[PDB]
Every structure is written in structure tokens, then in C-alpha cells.
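There are 2 protein chains.
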Amino acid sequence: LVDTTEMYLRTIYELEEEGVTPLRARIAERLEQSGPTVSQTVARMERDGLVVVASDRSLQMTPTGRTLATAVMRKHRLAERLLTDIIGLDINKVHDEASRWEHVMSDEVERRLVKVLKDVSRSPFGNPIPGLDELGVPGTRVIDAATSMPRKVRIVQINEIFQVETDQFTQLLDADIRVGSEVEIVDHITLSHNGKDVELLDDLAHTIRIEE
Amino acid sequence: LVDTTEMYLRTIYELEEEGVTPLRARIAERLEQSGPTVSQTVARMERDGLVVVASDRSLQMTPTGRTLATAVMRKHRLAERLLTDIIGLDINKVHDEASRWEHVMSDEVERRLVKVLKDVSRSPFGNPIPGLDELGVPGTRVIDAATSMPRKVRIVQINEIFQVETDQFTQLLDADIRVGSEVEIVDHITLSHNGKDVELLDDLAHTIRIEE
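For the record, the sequence lines run as chains F and U.
In terms of the UniProt record's numbering, the first sequence is residues 4 to 140, 148 to 197, 201 to 225.
In terms of the UniProt record's numbering, the second sequence is residues 4 to 140, 148 to 197, 201 to 225.
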């Protein structure tokens, strides 16, 4: 959990954020790791397809690397909000505490935070909290979201347009399940609504989007 | 932070707690680590003086090992309280989330929690939260607590009885500093009170106890 790649990606994100060119020496300095250690960490982050060292020797985050960096910063900043507004930790300690929490905070906890905190637009240090959008502030496909224990979620998309199988359209219509419909899900993928039970086919089990 | 020793000590604490004999196989099972891995982890926890394998091959925690185990469980359980009462995380996820947070939660955060939570006597799973006493629910000696930036703390003990140096007794008396006196501290160790400033001698800087 508490990992290096997450820490490096956040650092790149920050420098980028402060308008600084993400150069390896700048990163080594901030993270207080030797230049040889960063060179080798960057060397393997490059193999995971998270970063690429541009011609000018600056670190360009790949789309995947950037998405990960964004989740880390969102978690870090939501941690800061929780620590100051709710917990009341001394403002002088908040940042260093949030730097450890960012690696162990789950998506599920972030969603709850986003709901219990008064304001999640900025961290107490003035910077905006990124990626709130990924937190329903499209959606999880049921095959991934659906657990062995029912959980009422909301249908975001059906994607009938991508269905080669249309046999269950009326089944959903009779079931009264559409975009915005609070439904019960169990993982074949059975999704209940209005007392009518619908066992989704694989194609539908893969393209229907929901939000917790 | 997120470490093995902490995890093992907590496991021993739990088994002990549930009345189970802390045997290595029981621990390997619960932690889902092979028997050889636990043998070697226990083998080095024994060298750190945290655990001793009793004659019957059961693990007896040393006083130091037990104190550490207690802090880990207190943190873990205060995390559970925070996650259910404040955050509202699903009761089915609370334990596994708290198991990661226990390694990154600072003492300073625990004290704040103890203040912001309605009840810290038990975790939502029915077990008591241990070591609250270590959280002021005696004290930190100023030499360790005193930081470069003043912070009004409360004097818990003076320990005049252990002072070979008595030159500053009247200095404190004139300073009106005693057990219960809210004082300002800066780290020689200067502790202000009622506008009068007292630069403690080493012996006093080491034995005076305070609580944040």
C-alpha cells in the first residue's frame, strides 16, 4: 500500500502543479532520495508505462500514470480536509500525516468523506482537490461492482447501443430498470428491481454502468 | 510504517485476547503467511526483544512487545470508531480498512480522536480499546515533548524529589508553575508561565512531565 510509485507520481503532479519542470534532480531533492535511487525508480516506472523521460530529460506522465497520480492527490487532499475540519489536527502536522494516509485510504472511504465533509473543492493549503469526478461528484460496470451480497446502487448507463443481444431489453423494461433506477445487485449477475429479478447475460453484465 | 512486526504483535494480542494460545501455526494461518515466513519473522522479533518463544513453543510477549501491541490495537480500534461513527463506512469493510490505518495513524491524531469521538471504550465489534491511559484518558518529559515552537501544555509532575539541583524551585514558585499549570514550552528548554520565563537546567528538563 504505502508505496514509492504513488509517492513519485504525486511529486511529479505537485511540481507540474507549481509550474516546475519535473526533472529527476528536483524529485530526488523533494523526496530526499539520492539521484541514483530516483534514476532506478523512474527507470522501472517507465517500464510499467507510468512515466516516460522526455528528450529534455523531463518526466512526462503517461495517461495511466496521470490517472494514478490524480487518485493519490485526491486521497491525500481529502485526508487533509478530514484531518483539519473533523479531527482537528494541528495545521503544522496535517501535510505529513496526510502523506502517509494517502497510501491506505480506499475509494470507498473517499466517497464517504466526500459526503460527510462540508467542502471538498480545495485542501486547506489552497489547492484544488482533483478527480472528484471519478467519485461521482461513466460509473462502474456491474461485472466489477457486483458483489456476492446485494447492494442497492443506481444505474448510470445501459449502453443498449452496444448490445448485439437485445433479448433482455423488454426484460429490463418490464423490470422497470433504466438510467437512474436504484437497483439491487448480486454476483450469474442478478439485478433486482421492483421485486422482479433479472439475471443479466455476460454482454449486459459487462456494459451496464452503475455508481455506488 | 505499515509493518510486519506491528501486524504480528496485534495478532498475538488478539489470540491472547480471544483466549487462544499464541502458537506460530495459529499466527501463520490468520496472517496467511507460510509457516517458514512466520518462523523467520518471529525469529527476528525475538532478537529485538519483542517476543520470546516459551518452552511449549507458545509466543510470550515481553513487556516492550506488549506495549507496542497495545498501541497498535488502540490505533486500530480508534480507526474503527472513526470509520463507523464519523465516516460511515460499511460495517463489512471497517475491519480491513482499520487494519491498514493502524500503521500510519500518529499518537497526535489518536489524542484528537479521543476528543472528537463520543465513545472510545469499545470498538464497534465489541472489544475494549486498550491503552487509553497512555493517551491521558506520567506524561511526556519536557525534553522530549518540547519543540522549537511554543505550545501550551499542562505540567503533570515536577519530581522535585529527584532533583539534586534545587536552585530553580523558587524560580518555578515565583513563576507560579506547578502540577496542573498550563505552560508554554520551547526547545535551553525555556518554559514560560504568567509572563515569567524559565530556562530549565538539564536535570529539570529531563524529569518534568507534561501532557499535550
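Yeah, the Cβ is synthetic: ideal placement off N, Cα and C, and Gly gets one too.
Please go through the same chain and pick out, in chain order, the residues whose beta-carbon is closer than 7 angstroms to the beta-carbon of residue i, but skip the five residues on each side of it.
i, result
"F/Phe172", "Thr220"
"F/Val75", "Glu9, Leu12, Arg13, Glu105"
"F/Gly149", "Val166, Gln167, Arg222, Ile223, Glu224"
"F/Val23", "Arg29"
Use the C-beta contact count for residue i: other C-beta atoms within 10 angstroms, 16 or more gives buried, fewer gives exposed.
i, result
"F/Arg60", "exposed"
"F/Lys78", "buried"
"U/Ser126", "buried"
"U/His106", "buried"
"F/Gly68", "buried"
"U/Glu21", "exposed"
"F/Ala57", "exposed"
"F/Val174", "exposed"
"U/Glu170", "exposed"
"U/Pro25", "buried"
"U/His201", "exposed"
"F/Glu100", "buried"
"U/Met108", "buried"
Residue i to residue j, Cα distance in whole Å?
i, j, result
"U/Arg114", "U/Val123", "11 angstroms"
"U/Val112", "U/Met48", "27 angstroms"
"F/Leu4", "U/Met10", "14 angstroms"
"F/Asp93", "F/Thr87", "7 angstroms"
"F/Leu183", "F/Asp154", "23 angstroms"
"U/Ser42", "U/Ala72", "19 angstroms"
"F/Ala82", "U/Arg103", "15 angstroms"
"U/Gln167", "U/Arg222", "5 angstroms"
"F/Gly91", "F/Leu120", "13 angstroms"
"F/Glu19", "F/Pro66", "15 angstroms"
"U/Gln63", "U/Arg50", "13 angstroms"
"U/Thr203", "F/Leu138", "49 angstroms"
Go ahead and pull the three-state DSSP assignment for residue i.
i, result
"U/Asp215", "helix"
"F/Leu204", "strand"
"F/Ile195", "strand"
"F/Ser61", "strand"
"U/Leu183", "helix"
"F/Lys121", "coil"
"F/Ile15", "helix"
"U/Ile223", "strand"
"F/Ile171", "helix"
"F/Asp154", "helix"
"U/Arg164", "strand"
"F/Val189", "coil"
"F/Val45", "helix"
Take residue i and list the residues in its own chain whose beta-carbon comes closer than 8 angstroms to its own, dropping the five residues that flank it on each side.
i, result
"U/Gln178", "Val211, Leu213, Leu214, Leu217"
"F/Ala31", "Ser37, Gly38, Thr40, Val41"
"F/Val189", "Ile165, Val166, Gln167, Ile168"
Write down the C-beta distance between residue i and residue j rounded to the nearest angstrom, noting that I regard them as a contact closer than 8 angstroms.
i, j, result
"U/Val196", "U/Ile187", "Wrong, their Cβ atoms sit about 14 angstroms apart, outside the cutoff."
"U/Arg27", "U/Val45", "6 angstroms"
Is any heavy atom of the ligand COA found at a distance shorter than 7 angstroms from the C-beta of residue i?
i, result
"U/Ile223", "Summarising the ligand content, the structure contains no ligands, and the ligand COA is consequently not present."
Go through its chain and collect everything with a Cβ distance to residue i's Cβ below 6 angstroms, but skip five positions before and after it.
i, result
"F/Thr70", "none"
Query raised in the report: For the segment 109-140 of chain U, which residues have a beta carbon sitting closer than 7 angstroms to at least one beta carbon of chain B?
Result: Here chain B cannot be found, since the structure's protein chains are F and U.
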